[PDB]
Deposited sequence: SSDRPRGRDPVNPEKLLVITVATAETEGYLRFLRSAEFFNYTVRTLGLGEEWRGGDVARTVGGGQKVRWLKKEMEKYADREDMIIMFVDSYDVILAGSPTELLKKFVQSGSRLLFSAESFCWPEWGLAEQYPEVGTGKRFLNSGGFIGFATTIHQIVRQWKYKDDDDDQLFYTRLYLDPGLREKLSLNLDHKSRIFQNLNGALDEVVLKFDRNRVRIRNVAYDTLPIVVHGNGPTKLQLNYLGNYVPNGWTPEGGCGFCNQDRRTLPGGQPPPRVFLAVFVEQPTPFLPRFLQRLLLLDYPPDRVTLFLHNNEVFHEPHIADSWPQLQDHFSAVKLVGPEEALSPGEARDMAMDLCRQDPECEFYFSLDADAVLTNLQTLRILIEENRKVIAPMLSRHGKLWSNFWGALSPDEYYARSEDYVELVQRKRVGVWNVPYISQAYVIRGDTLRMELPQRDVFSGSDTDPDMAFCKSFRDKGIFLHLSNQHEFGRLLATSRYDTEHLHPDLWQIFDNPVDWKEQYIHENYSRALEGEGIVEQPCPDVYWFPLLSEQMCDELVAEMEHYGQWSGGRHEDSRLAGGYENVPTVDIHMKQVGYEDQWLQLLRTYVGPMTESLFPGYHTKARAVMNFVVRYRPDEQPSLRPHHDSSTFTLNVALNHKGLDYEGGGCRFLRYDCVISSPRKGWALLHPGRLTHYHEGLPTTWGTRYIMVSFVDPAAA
């Protein structure tokens, strides 16, 4: 029964990197005792990410080990720290070390590195890993001292070669009782073994299991090109996120606030941009503490920017527009905004936000800052879809890939603050990180690589984690791919691609309340129901689009109305077919008019078929009235599109058999009445101005 107080973990760290700090938390979770070598020093160990090196680790260990050269009572484990997490206790570790019968147990690995020719000198192992890895080892302090004291090489000579040569000395191997952890009982090196490692869950703890060997490793080493797979595992192992605990290092449940540089990017035609700009004024962060930079690459959006710039300029403490005439690429524009923050010591946080990011959570900026990370993005998804502003995994050549937990995250079955290889569209970056760790100008530019990926790789290459919070609902992602801007009002056509935003803009704000009851729907005449349907903006834009087309009806035009046996009852009008809006209006019918009708006429069921959908214009100088008639419809929908009094004078609809008149219609409100038999009706004369009406003959 070895005493855990006789175990000492020694690692090397020249800076307190996120990886190093991640290592310590996993150590502190299990009450390990950790000595860190090298914390102030310059790394002279070479480019371990690109080649051989790391001898400086040994040189430092050798010096440290002179204290313990005679301490047979002490067990020491050496591990890297940037790319290591601990998954089990000192008790289970010492139990396993004893069971190995070794005096110094090195980790094992699939590759004979860095001299592939030496493989033949290694003992033949069966199904186990055959070669030594210096990223982790454990043994008596005396034995370890007898190995490392032999170090006499350059700081950038390779440490693993050095240990390999001593391991392959057969007399030394036998005399000192050196061994390798062939079956990853203690040490799990990820390189060459990704398909052997899976997460093993418990109530308040997560581990890894090697499925090749059915073991539960103590130490997870993301050596070589497996740092990002280790990032993934470190989100869980050992207490990153547990089924019963939730995340462990998150802010969980939520006086001058830091000064923020808010940069808005508009790099494609984007729907609902006026709405986005108006939202900037509502973000719950003191505007004297925010300075706004907006890059617009779209001539399409210049009027939209101009309309709201007076308000933005009055709102924030400083504003700057970079417009299409500067001919900046998105890469150059994002480098510029970020560098404007970098070069201002007063810029404490940098907040990048693309025009397709809809932030429903007004406290987003505060929430992200309070998480206190170098880089953190709020999770944003396409409504009801799996597409989102991050990636959970990378392909072998650093392209897109789907992590095994991606759906769990997007669906918020697992919520927390995740270490992911790619984020986009919104993120908050610490000013000091820009100054001290990513000082270059070419963050997004410099290669043919697309900027959004260049950005993420810049941070990954420095070992800066890219964090992603799905801890709260933050907002959504607008669809922008096939946005048709060849309309007077393109957002009218957005009904299929952005239905949630389309409804917020164009459906009446009180529709849903009226659909749910609450005494809003009225019945002005027998079986004629009256409810709010269209917002004023929808009315205005639809009329506008109609006049912009301009081809109103005239003589010899025929509608589906029935009067006086067989006569011709026409209106001056434009059908949806003509302006290319029929599919759109039919969707509004299926989605919003169908369910209201079924609720007002219990027992009736509808798919909201309608062949005749047209806007009617009334004027005293062309066609001011519409004589008594019936409609070819089961029911008729009649929506007012402008204001009685303001835009026209004169009455509206009259139902003759009920001697009931709808005078004073309401803009955006719709009448619902039967089309046949009972509700013979006429449109009263418009006496001044112009009357606009939207009508569909449903279920003909």
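Requested in this report: Quickly check which stretches of the deposited sequence aren't in the model, judged by C-alpha, and list them in order.
Outcome: Several stretches lack coordinates - namely 1-9, 264-269, 716-718, in sequence order.
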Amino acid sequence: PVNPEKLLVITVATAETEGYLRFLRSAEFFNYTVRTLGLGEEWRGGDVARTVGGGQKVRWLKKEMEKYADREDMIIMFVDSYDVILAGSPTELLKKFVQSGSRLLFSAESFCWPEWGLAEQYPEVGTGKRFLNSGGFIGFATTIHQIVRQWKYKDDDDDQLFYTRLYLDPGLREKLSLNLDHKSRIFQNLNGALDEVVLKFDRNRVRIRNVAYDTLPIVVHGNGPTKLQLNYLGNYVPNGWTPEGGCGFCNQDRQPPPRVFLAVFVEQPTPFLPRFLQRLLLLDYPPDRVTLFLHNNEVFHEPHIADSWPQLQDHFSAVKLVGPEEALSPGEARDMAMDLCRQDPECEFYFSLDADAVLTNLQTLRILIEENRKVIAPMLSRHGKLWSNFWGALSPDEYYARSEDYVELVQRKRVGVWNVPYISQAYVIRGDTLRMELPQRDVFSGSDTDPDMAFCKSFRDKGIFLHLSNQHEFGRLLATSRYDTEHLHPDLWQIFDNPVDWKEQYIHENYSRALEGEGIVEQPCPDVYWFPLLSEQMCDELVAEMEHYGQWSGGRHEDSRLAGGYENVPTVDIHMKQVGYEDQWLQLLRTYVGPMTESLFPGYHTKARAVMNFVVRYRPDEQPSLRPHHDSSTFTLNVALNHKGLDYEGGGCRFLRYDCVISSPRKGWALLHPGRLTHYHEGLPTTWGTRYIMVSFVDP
From here on, numbers count along this sequence of modelled residues.
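Rigid core (definition): largest C-alpha set, two forms, superposition within 1.5 Å.
**Report entry** Higher-deviation segment by CA RMS in 7 other deposited structures of this protein, core fitted, 390-398 or 119-127
**Finding:** Between 119-127 and 390-398, the one lying farther away in 7 other deposited structures of this protein is 390-398.
**Report entry** Higher C-alpha RMS shift from the shown form in 7 other deposited structures of this protein - 204-212 or 154-162, rigid core fit
**Finding:** More C-alpha displacement in 7 other deposited structures of this protein shows up in 154-162.
Query raised in the report: Do at least a third of the other entries of this protein fail to model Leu641?
Result: No, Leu641 has coordinates in all the other entries compared.
Report task. Note whether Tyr68 lacks coordinates in a third or more of the other compared entries that model its flanking residues. Result -> No; none of the other entries leave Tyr68 out.
Report task. Please work out which of 476-484 and 335-343 has the higher mean CA B-factor as recorded in the PDB entry. Result -> The stretch with the larger average C-alpha B-factor is 476-484.
Requested in this report: Name the higher of the two by mean Cα B-factor in the PDB entry, 30-38 versus 642-650.
Outcome: The entry gives the higher C-alpha B-factor average to 642-650.
Query raised in the report: Out of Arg207, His575, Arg430, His467, which one has a C-alpha B factor higher than all the others in the entry?
Result: Answer for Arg207, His575, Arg430, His467: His575, with the highest C-alpha B-factor.
Report task. Sort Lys95, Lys462, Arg259, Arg366 by C-alpha B-factor from the entry and give me just the highest. Result -> Of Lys95, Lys462, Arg259, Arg366, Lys95 has the highest C-alpha B-factor.
Query raised in the report: If you rank the chain by CA B-factor, which third does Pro310 end up in: lowest, middle or highest?
Result: It falls in the top third of the chain.
Query - Entry-reported Cα temperature factor of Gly136, expressed as the chain third it lands in - result: Bottom third by C-alpha B-factor.
Query raised in the report: Taking the C-alpha B-factors as the PDB entry records them, is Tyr511 in the lowest, middle or highest third of its chain?
Result: Ranked within chain, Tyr511 CA B lands in the highest tercile.
Query raised in the report: By its CA B factor, does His489 count among the lowest, middle or highest third of the modelled residues in the chain?
Result: Middle third - that is where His489 ends up once the chain's C-alpha B-factors are sorted.
Requested in this report: Would you check the entry's CA temperature factor for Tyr692 and let me know if it's in the chain's lowest, middle or highest third?
Outcome: For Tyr692, the deposited C-alpha B-factor lands in the middle third.
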